[PDB]
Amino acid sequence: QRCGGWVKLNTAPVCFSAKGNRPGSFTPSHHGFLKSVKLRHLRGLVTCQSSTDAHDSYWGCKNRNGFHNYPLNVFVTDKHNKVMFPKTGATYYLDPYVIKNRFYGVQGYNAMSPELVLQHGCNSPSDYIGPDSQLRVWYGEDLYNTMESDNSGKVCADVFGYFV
């Protein structure tokens, strides 16, 4: 029902944990093709290493190890856990120890950004958001089952979209 945006897609807060296959899953209120989403932090912190508070963040694992420049670790998928955001604008940390974990950065944002904008890139037919779609906000280490056991926290957010 909406062209452009931002338009709020969620009803209730969308809340994700950092382990245990616990994404924040919801049925979007509006249909169409999305250019991007904007995640607006409401409450909570997650971390990829619970032995310290140093990495606690909205969207990832801040100031961690050797990759302070790849602090993000949130992915918005469809109901099949296929990533829809980000698909552009993100650079990934590629060291083999944690390549599969998919830590990333987006220039202009960090893991403490009050609002995080993630780009879809251009659309293909199967990217349509319809009545049957579900979006899932995942922590990457949870999604990929990489080193999740030492994670903790829970973040709640609103999710806005921009339709094209």
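Residue positions are given as counts along the sequence shown, with the first one as 1.
Q: Between 92-100 and 115-123, point out the one with the higher average CA B-factor as the PDB entry records it.
A: The stretch with the larger mean CA B-factor is 92-100.
Q. Would the CA B-factor of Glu148 place it in the lowest, middle or highest third of its chain?
A. Its C-alpha B-factor belongs to the highest third of this chain's values.
Q: Would you please rank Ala54 by its C-alpha temperature factor against the other modelled residues of its chain and give the third it falls in: lowest, middle or highest?
A: Answer is highest: the recorded C-alpha B-factor places it there.
Q) Going by the entry, which third of its chain does the Cα temperature factor of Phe67 land in? A) For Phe67, whose C-alpha B-factor we compare with every modelled residue in the chain, the answer is the lowest third.
Q: Can you work out whether the C-alpha temperature factor of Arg136 puts it in the lowest, middle or highest third of the chain?
A: Highest third, going by the recorded CA B-factors of the chain.
Q. By its CA B factor, does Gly60 count among the lowest, middle or highest third of the modelled residues in the chain?
A. As the PDB entry reports it, the C-alpha B-factor of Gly60 lands in the lowest third of its chain.
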